[PDB]
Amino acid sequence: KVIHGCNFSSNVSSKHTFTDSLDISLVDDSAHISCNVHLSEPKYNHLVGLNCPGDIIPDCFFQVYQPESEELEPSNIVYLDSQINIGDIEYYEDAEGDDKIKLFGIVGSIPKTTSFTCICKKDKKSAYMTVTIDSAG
C-alpha cells in the first residue's frame, strides 16, 4: 500500500513508496516550495507521511503545523488528534541513515475537512508538506 505523502530524500526505497517526491537538496535556500497531498474520499484507509533527509518540524505527525503567516519559525503548533478529530490514530516511524520517515494512518470518515503542514529542513533549504483531507467525497 502506498504512502500518500512526499519523499524529500534521494534514497528511492521499496520499503516505503510515496505518491509524490521532490529532492530537497535541489531546492534553493530562498524558495517557497511545497509538496501537496489532497485526500477526498467518503471514508478513508490511507497512509500519510513524509521522508525527510534532514530535520522534521514540528515532531510530525503527532504534532503538525497550521500556518497563518509567512513566518520563519512555526510556534503555532497543534496536535493531529485535536485537528483531525478522528479519535485514535496509528502513528509510524522508520529510519534509513539520515532519512526520517514519519507516518500516520487514518481509517474512517472525519467530521470537518482539515488541512495541516509539516516542514522538512535540510541546512538552509525548507520544503513544506501540506495535506488536505476532505470530509465527504
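The first residue of the sequence shown is number 1, and the count goes up from there.
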| item | value |
| --- | --- |
| Mean Cα B-factor comparison, 121-129 or 14-22, giving the higher one as deposited | 14-22 |
| Segment of higher mean CA temperature factor, 46-54 or 69-77 | 69-77 |
| Residue with highest C-alpha B-factor in the PDB entry, from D99, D29, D59, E90 | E90 |
| Of the residues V37, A95, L103, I33, the one carrying the largest Cα B-factor as recorded | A95 |
| CA B-factor placement of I3, once the chain's modelled residues are sorted into thirds | middle |
